[PDB]
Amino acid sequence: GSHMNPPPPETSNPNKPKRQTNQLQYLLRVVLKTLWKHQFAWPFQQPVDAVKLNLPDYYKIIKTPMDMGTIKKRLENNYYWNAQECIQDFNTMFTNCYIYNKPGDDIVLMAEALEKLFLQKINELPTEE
């Protein structure tokens, strides 16, 4: 935990109201589970360690960091009120990658593959009930 990396996004706050929904259950059991085991998930399984990767400008450019390790903990620890909050975290993670990296780059192709899978699964997100 280098002082030069920011604290990770919040995964626990007892003041924030929490709810289990069937959609959130789907996001954990189907969407996260599927993306987590993809061959290209590893760069997205934890916050970007800008120290280790020698990217001192990362947290200069990316002011809303997000990663699937954070999303996994948010889903496992019922941090969310609704599915939109969680979908937004996934979208933020993909867009961070697209903003920071060049269109050709391996990391972008890897994010695009996870995003295509994500969209397939979110198209089947169940009606809330």
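Whichever C-alpha set is largest while still superposing within 1.5 Å between the two forms counts as the rigid core. Residue positions are given as counts along the sequence shown, with the first one as 1.
Taking the root mean square of CA deviations in 7 other deposited structures of this protein after fitting on the rigid core, 102-110 and 13-21 differ, and the farther of the two is 13-21. Stretch comparison (80-88 versus 27-35) by mean CA B-factor in the PDB entry places 27-35 on top. Comparing 107-115 with 14-22, the higher mean C-alpha B-factor in the PDB entry belongs to 14-22.
When the modelled residues of the chain are ordered by C-alpha B-factor, residue 74 sits in the lowest third.
Placement of the Cα temperature factor of residue 59 within the chain: middle third of the modelled residues, per the deposited record.
The entry lists a Cα temperature factor for residue 94 that places it in the lowest third of the chain's modelled residues. In this PDB entry, residue 44 carries a Cα temperature factor that places it within the lowest third of its chain's modelled residues.
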